[PDB]
Structure formats: C-alpha cells, structure tokens
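Asks: kindly return the folded structure for what I paste below:
(chains A and B, ligands or ions: 2)
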Number of protein chains: 2
Amino acid sequence: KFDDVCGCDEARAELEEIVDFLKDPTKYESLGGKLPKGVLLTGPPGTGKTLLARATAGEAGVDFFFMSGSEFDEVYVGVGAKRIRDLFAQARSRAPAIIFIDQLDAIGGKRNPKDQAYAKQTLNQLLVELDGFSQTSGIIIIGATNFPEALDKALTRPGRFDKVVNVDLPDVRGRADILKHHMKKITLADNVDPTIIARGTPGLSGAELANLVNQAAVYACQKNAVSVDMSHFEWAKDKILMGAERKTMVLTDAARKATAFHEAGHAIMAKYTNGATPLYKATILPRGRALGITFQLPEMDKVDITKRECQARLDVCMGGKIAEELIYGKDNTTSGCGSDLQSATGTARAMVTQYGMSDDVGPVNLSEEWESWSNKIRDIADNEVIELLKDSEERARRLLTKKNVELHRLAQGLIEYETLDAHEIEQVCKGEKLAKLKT
Amino acid sequence: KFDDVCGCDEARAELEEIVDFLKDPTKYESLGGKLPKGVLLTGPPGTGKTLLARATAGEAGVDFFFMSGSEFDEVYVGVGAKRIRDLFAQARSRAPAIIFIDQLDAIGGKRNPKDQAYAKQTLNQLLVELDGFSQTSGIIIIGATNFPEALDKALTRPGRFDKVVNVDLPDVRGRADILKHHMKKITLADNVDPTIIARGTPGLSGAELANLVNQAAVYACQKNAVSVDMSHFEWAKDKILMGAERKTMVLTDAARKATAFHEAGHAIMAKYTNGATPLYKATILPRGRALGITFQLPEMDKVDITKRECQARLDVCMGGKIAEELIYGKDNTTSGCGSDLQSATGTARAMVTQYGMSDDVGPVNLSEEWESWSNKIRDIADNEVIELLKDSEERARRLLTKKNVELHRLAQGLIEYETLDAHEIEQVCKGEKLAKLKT
Ligand SMILES: Nc1ncnc2c1ncn2[C@@H]1O[C@H](COP(=O)(O)OP(=O)(O)O)[C@@H](O)[C@H]1O
Ligand SMILES: [Zn+2]
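Replies: Numbers count the residues shown, from 1 in each chain, chains lettered A, B, ... in the order given. Ligands and ions are numbered 1, 2, ... in the order given. Structure data below:
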C-alpha cells in the first residue's frame, strides 16, 4: 500500500487519482472522460519505483502483472512476442489489473537492422497490442525507465504512452521517513534523531540510505556493543559521503597545528559571521579525501539564499587562508587553501552574472549566453567579481584579527581533542574544561 | 472525416479539392490537369496538420503511410536512406497511396556544401525518391513542417512539393468551433457558452482545446460531480494556461510574506503601467514550476508588439526585485529573481537587434550573423541593452514608491486568499471586501 513507500508524494498523488480510475471505471466512462493507456515513470535510478507500482496495485484490489524488458536480451527473440501476447491476453482475462514493465529501454531502442528486424518484431508486437483493447473498463500499462532518451520514438506517440510522471530525489523529510522506515528493523539505542542525518546527505537516493543503515548496523555489530547509537550512523555517513579512515598515518606536529589553525579559521568565522549556515562537527581527521573538515547543517531551500548568505559563505571560504596568514606570517601560506578558493569563485560569479547583486553591471542574466556578450561588459563583470573576493578577504582579515584568543583556544583544542561539536566548540572558546578523554 | 477538423475552413477546402480530384478524375482531367505531386502544410505545432492528412487519406480510400522526420536517429551512415527507399518501395505497391512526412525540417535542411560526407545522404535519397529518374504514379506526398524558411531550395521545388497550404493558429470563431466539436463528444453539459471559453483563451491551439475539454470531464469525474459545468472548464483552463497546481507542502509567515510581496510587485506593475497587457490572476500558491505566478493575458490577439508594449514588459519584469528591495532593503534581495532578468534580458535584446528600435545603433538587423559583426558594433548594442534595462528598473522603482498602500493591501489580501482574478485585485486595491472565504 501507500504506507510502505516513503517520500515521493508528488508522484503518489497522481497515482491515487489514477487508482481512483482503477477501482471504479464506469463513473469516468459514463461522462466521456478519458485518461491515457499507460503512464511513464522516470527519474534517477533506484528511488523506490517498483514499490510505487506494487503499492498502487497492492492498495487497490487488482492484479500486478510484472515483466522486465532486459530479460528479452537473454535469448534470441520471436518467442518474446508470444509471451507478450500471452501476458496481455491473460490481462484481458483478469480485467481489473495493471501491467508494470521494468527497464523499457531494452524492448525499444534504436539499433542495427540485423537485430532491429526481429527486435522491431517484438517491439511492434507490443505496439500493436497496446492498441488491441478498448480503454473502457480496461487495464492501464505502467512503464518505467530512468533513461527517457533511450526509449523508442513510435512507442511514445499519442495513442500510446502519454502521461509522463517524474519520481525524483526526495527532500529532507522524505529522507527522514526513508531512514526511519529502515530503522524499523534494527536495534536502536537512544533518542536517535533521524533528522540530524537526514539533512546532512543532500540529494542522495533511498537505496544508499539502506546502505547507510545496513553498514552502520554491521559496524555496531562487530564492536560487540549493545545497540546502534548516533556514532555508528554518523560513522557510516562519513564513510559513504567522503571516504574511509586512515588509522595508519604518521604525521608531524607542525602539520597537525597547521591544519588545526586551518579548521579553527573555518570554524570561527563560520561561527561568528552574520547569516551563515550554523556550525557542526569539525575535525582534523584525514577522512579519506580531505585533511580536516568542517561540517555545516542547513535546513531551508536554496531559493532562500540571499546576498547576506552569499557574502556569508564567501567569508567562510577565507578563514583558512587568512588564519594561515595571521599566524604563520605571509610567506608561509600553503596551497590547499587554494582549493577553498574555487568554491568562493563559484559563488562570486553567481552574485554578478545571474542575479542583480552588483550595481555596476546592471540587472541581467549574463550566464545563459556568455559568449554572445562583448568584452566591455565581461570586463565590468569580472572586475566586480574580483573586488567582491577582495572585500571578502578584507572582512575575513579583520574578523580574525579581533578574535585571536578563540583562535588559539580552538586551535590547541583541536590538537588535543581532534573532534568537536558546536556545543563543544562553544565550551572550548570560553576557556572551559569539557569533560572528555583527550587523544 | 473532413468534419473532424473543425476550424481551418479554407485549407480544408484545398485538400477537399484533391480528394475531389481522386474521386472522379474526368471532371478535372478534361482540360489537361493532373494531381499535385506534393503538398506542404505549414503552421505552428499542434494546429491539426496530421489530422488533415488522415482526413484526406482515410476519407478518399487510399493507404496512409506515416513517417516522422525527428525519428531519423542519424547514429550510423546508411539507415535513414534505407528507410526512405523501403518506404517508397512499399508505397509503390499500393499505387493510389498517400505518404505523410511530419517535421521535414529535421531531415530536410540547408545543404551546406561544407558538410563532410554523411549529413546529407538522407536528404539526397529523399530528393531522388520524390522526383528522380524512374517516375511514380498515383502517390501523393504531404509534408508537414513548422519552419518553411529553413527548408532548402531543392526540396521545396515545384515538382516535388507543388502546393503550400498554410494552416495557421485558430482565431476566436475557430476556437469556438473546436470547443463545440469536442464538447459534442461528451454526452452531458448543463449550460455552457463556448464563446466564453473561446474569447477567454487567446493563443491556444486545437490540441490544447481538446485536452482542455477532456481534463474538464475527468475533473468532473474525480469530484463525483453530476455533470460538466463551467467551473470545471475554469479549473482546466487555469491549469493549461498557468500550469498544473501542486499540493501545498508547507510554508511559513516569512516565506509566504516575501512571496506575496513578489507577486504583489508583478501585479501592481501589471495594472498601473501603460501599454501592458491586461491582468488575469495573481497567485501565492506553488503552481507548476514556480512559487506563485501573476499571469497576464491579452484581450485581443496581436501579431506583433510595438515599442510601448515591449517597454511595458521590461517595466513589468522588475516589480519583483524592486518590490523586495523597497520592503526588505537592498541586502535582502533574494536569488529567485533570476527568471525575471532572463526574460527581461530577452525582451530588450530582441528590441535592440532584431526589431530595430534603437537610434544610436541604427535601423539594422544584428540578430542573425551575430558572429560576423565586429566588436565596435557589439559594444554599442550591448551598451544600449544594458542602458535600457537600467532605465526600466528606474521606472519600476519610481512607480512602486508611489503605490505603497496598494502594494501592502494587495499583498496582504493575497496572503489571506492565495488566489485572485483581476476584478478581485481591482477591489482589493481600493480597500473593499471581496465576499469570499479566507484561506
Ligand atoms: N482543426 C481542428 N479540429 C479538431 N481538432 C483539432 C484541430 N486542430 C488540432 N486539433 C487537435 O489537436 C490534436 C493533435 O492533432 P495532431 O494532428 O496530432 O496535431 P499536429 O498535426 O499539429 O501535430 C488532436 O487531438 C486534435 O483534436
Ligand atoms: Zn518574478
């Protein structure tokens, strides 16, 4: 039923109206209303699509005729047409039913005539027998593929598959309810907040959330612990998101204090800056890819970005370079800070070449045809991007020149404890002992 | 049947002439006439061109052979031409047949001589099939294209495509006929004036009218209504014009307020400016693919806007950003105003280059061949595009400083009601009650 699927409500709604056709056809038939023969399920791969068709067919009283397309590439065909007419003939025997077809690209496709001959024979067997039934009091074919490009053109004609619905990647409460639905099978520990890790994986599927819960339950289960707390879930989250953990790295103390001032710079002026996304777990662990990460947890839309949040994240992307300038002098800035620079540059161009956030260019969209404009407007636009980043590093220079005490406290706090929460960062910046085993 | 194509009386008269030629040759072949070897239908998408072809074919008793131009994959070298040789090869075995080629402008384009080997093998095979060495008898080719000016000189030669029937977009007395025809298929309508919906929807085509009617019938089915009344036609009409409504997930007083100020800006600019098209509705709901939308709609159908209308468009597309800066200050202008600047950019740039509405540039067309022109002229042109947009936002600011009370009124009532047609806005702007229910 519609309880088993989690998230994806904008597809579930049109599925309950088409199922409102499905359990009572004669009402929609008596007035002259018509609805398409078969609907098309698209979207990213593996977002709970077969569970939408099984959920519709399961909550209604109907039969669910499942068949895959890729299984027609297992053998030479000509017989696949015969099992298709077996399938639709059996569907006309059991008149309240729906017919789900998985990976429709393998039935269709645009191929060489040596195999487009009989592949076209099974294909237009499907095309003929999509026409060999009256729509009245009949059956609705549901077809699903994640590649709308690979589908055959003649199969997508009016008189055939018409209404196209999208099954996309879920939002924050969608991932919260998917994560809860997979939490309903393992042994949890305490107040395990699903919404603190629901946001935290921005734009990822549902099956990978099953990998998150599954690998986290494995990792708790080999430690011979009691249950699965928050540490296991954020452990497997920080494995699937970035990468594994290097327990074999032997590194000096100058490097540890250098990256300590880098992460302390990002953490401080990510913390004290007007408008930023609030602070979260900062570390200096080499988590696979990077060496020291600051985490940040927002919960709004990106449409609610503004000029204050854009200048806020431009000030977040200068704390490392300005921290390493103000501590170690000028001629000792490293190169990894330059990686942070590219994120800054991206945001800066969106403040000039898409929005109206620059009073010297004018209100325009310079982004969709950049090559069309001449050189003078690109000089004014690129110049405004340059003074935007210079003003960002000037504000970062002063707000880290007047917060030096928290920079050293949070710095050697990251040297001694090497993992801090925002509550714990607040305890470090006040000069307070924080009741935790050091490392 | 020719009755099924309601609207397009004169073009249908033209094809009726050909069917009359087929049904008794001797009346027309008595002075030396012959069948036109080719007829080319022109007109925008979905105006009923294949409908006419199936009218002649299915009405005159000859085999109809469909083939689409946007179906030729062009992944390999040989197929495409092989499809044409097979298609014509099978059509000659059914001598009085008809061959319909849809979207010629996808395969038959300009034969640029500097195309290496394989771009124009299909077009050459087509040319040799239409008017080649061995003659064809009793075959009629009907080619439906949207851009007659894009086809090449060789394919539109008198001898391959004899006539050029123009099926243009329907007018009000035509739309009344289409609506009458498709409403006729419904068995039940209580009291509905087709000229109401016909005068209400300028610019729509035959297909959008057909699914207007069908969506109204289905919508009457869902609500378990007894009939098909005018409110249903209004729901389906607003659906097709403004976009499919989406169930309101969530909102806050802040987001809802800011949005109400945005569409309040577009709506006030739409009303009080001069030259703008009339106003239809303002909405605070998430309709279609946008957060609220103020839809304008002309009373009469115009072929081309003058300078005052387009300057009116430039002034209307600044109400969002200017309203949000008057209310929420400069530093809070969101990034949802990107589409406004995209559209306004398009309008101004088509004003300067194509339409020839600027004096320091001159009476010259710079749109096509944009690469060839030098950098001097591009500098002047882009200078006047940007100057024109800056001036537009100047006017929108200076007007929305004069309409604070109307702005806050319409925004507040728009919060309270979530939807408003132009009359209700006219009442709300003067502080009057609307006689309906809050929220
Ligand atoms: N003159 C007309 N009379 C009746 N229906 C029309 C007319 N023109 C377009 N339509 C409608 O448009 C829809 C699409 O028809 P089609 O022939 O596929 O469009 P096109 O030939 O422009 O691609 C049909 O449902 C048809 O009812
Ligand atoms: Zn807008």
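Asks: quick one, strands of the stretch 251-400 of chain A?
Replies: Assigned strands in the stretch 251-400 of chain A, in chain order: A:279-283, A:294-296 (criterion: DSSP state E, counting those that start in this stretch).
Asks: contacts for the last one, please.
Replies: Residues from elsewhere that reach strand A:294-296 (CB atoms under 8 Å, 6 or more residues apart in numbering or on different chains): A:200, A:263, A:266-267, A:270, A:276-282, A:316. All C-beta spots, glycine's among them, are computed from the backbone N, C-alpha and C.
Asks: tell me the buried residues within those.
Replies: A:200, A:263, A:266, A:267, A:270, A:276, A:277, A:279, A:280, A:281, A:282, A:316 (16 or more other CB atoms under 10 Å in any protein chain shown).
Asks: what's the closest of the strands of the stretch 251-400 of chain A to residue A:21?
Replies: strand A:294-296 (46.2 Å; CB to CB).
Asks: sheet partners, orientation included, of the closest one?
Replies: Sheet pairing of strand A:294-296 (DSSP bridges) gives strand A:279-283 (antiparallel).
Asks: restricting to C-alpha, output the strand it pairs with in CSV.
Replies: Extracted C-alpha coordinates of strand A:279-283, given in CSV (Å, rounded to 0.1, in the frame of the first residue of the first chain):
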residue,chain,number,x,y,z
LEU,A,279,28.3,25.2,12.7
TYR,A,280,28.6,21.5,13.3
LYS,A,281,31.2,18.7,13.8
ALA,A,282,34.7,19.9,12.9
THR,A,283,37.6,17.6,12.8
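Asks: now what about it, what contacts it?
Replies: A:234, A:263, A:266-267, A:270-271, A:292-297, A:414, A:418-422, A:425.
Asks: swap in stretch A:322-334?
Replies: A:258, A:261-262, A:264-266, A:269, A:321, A:337, A:393, A:396-397, A:400-401, A:404, A:407.
Asks: again, only this time at 7 Å
Replies: The list of residues contacting stretch A:322-334 from outside it, by CB atoms under 7 Å, 6 or more residues apart in numbering or on different chains, reads A:261, A:262, A:264, A:265, A:321, A:337, A:393, A:396, A:397, A:400, A:401, A:407.
Asks: grab the nearest non-local neighbour of the last one.
Replies: I take that to be residue A:407. residue A:264 (5.5 Å; CB to CB, 6 or more residues apart in numbering or on different chains).
Asks: next one: the second one
Replies: By the measure of CB to CB, 6+ apart, the closest residue to residue A:262 outside its immediate chain neighbours is residue A:320, 4.4 Å from it.
Asks: so who does the one you found touch?
Replies: Contacts of residue A:320 (CB under 7 Å, 6+ apart): A:262, A:265, A:266, A:337, A:340.
Asks: which one is residue A:171 nearest to, not counting chain neighbours?
Replies: Among residues not flanking residue A:171 along the chain, residue A:7 sits closest, at 7.4 Å (CB to CB, 6+ apart).
Asks: isn't that neighbour right next to residue A:172, touching?
Replies: No: contact status for residue A:7 versus residue A:172: not in contact, 9.9 Å apart, counting by CB atoms under 7 Å.
Asks: more neighbours, those two?
Replies: Applying other CB atoms under 10 Å in any protein chain shown to residue A:7 and residue A:172 shows that residue A:7 carries more neighbours, namely 24 against 18.
Asks: distance check, that one against residue B:61.
Replies: 55 Å (CB to CB, to the nearest Å).
Asks: same check, this time on residue A:330
Replies: For residue A:330, the distance to residue B:61 - CB to CB - is 90 Å.
Asks: ok, and does stretch A:121-136 reach over to chain B?
Replies: No: Stretch A:121-136 is not in contact with chain B by CB under 7 Å from any CB of the partner chain; minimum separation 12.2 Å.
Asks: contacts for that stretch, please.
Replies: Contacts of stretch A:121-136 (CB under 7 Å, 6+ apart): A:25, A:29, A:34, A:37-38, A:72, A:77-78, A:80-81, A:84-85, A:88, A:92, A:107-108, A:139, A:141, A:152, A:154-155, A:160.
Asks: please pick the buried ones from these.
Replies: Burial by neighbour count, 16+ other CB under 10 Å: within the contacts of stretch A:121-136 this picks out A:25, A:29, A:37-38, A:72, A:77, A:80-81, A:84, A:88, A:107-108, A:139, A:141, A:152, A:155, A:160.
Asks: near chain B, which residues of the stretch 151-300 of chain A?
Replies: Residues of the stretch 151-300 of chain A lying near chain B (CB under 7 Å from any CB): residue A:153.
Asks: count of neighbours near residue A:44?
Replies: Residue A:44 sits with 15 neighbouring residues when counted by other CB under 10 Å.
Asks: do the same with residue A:115
Replies: Neighbours of residue A:115 (other CB under 10 Å): 13.
Asks: give the next helix or strand downstream of the helix or strand where it lies.
Replies: Element membership of residue A:115 [criterion: DSSP states H and E] is helix A:113-129. Later in the chain than helix A:113-129, the nearest helix or strand by DSSP H and E is strand A:140-144.
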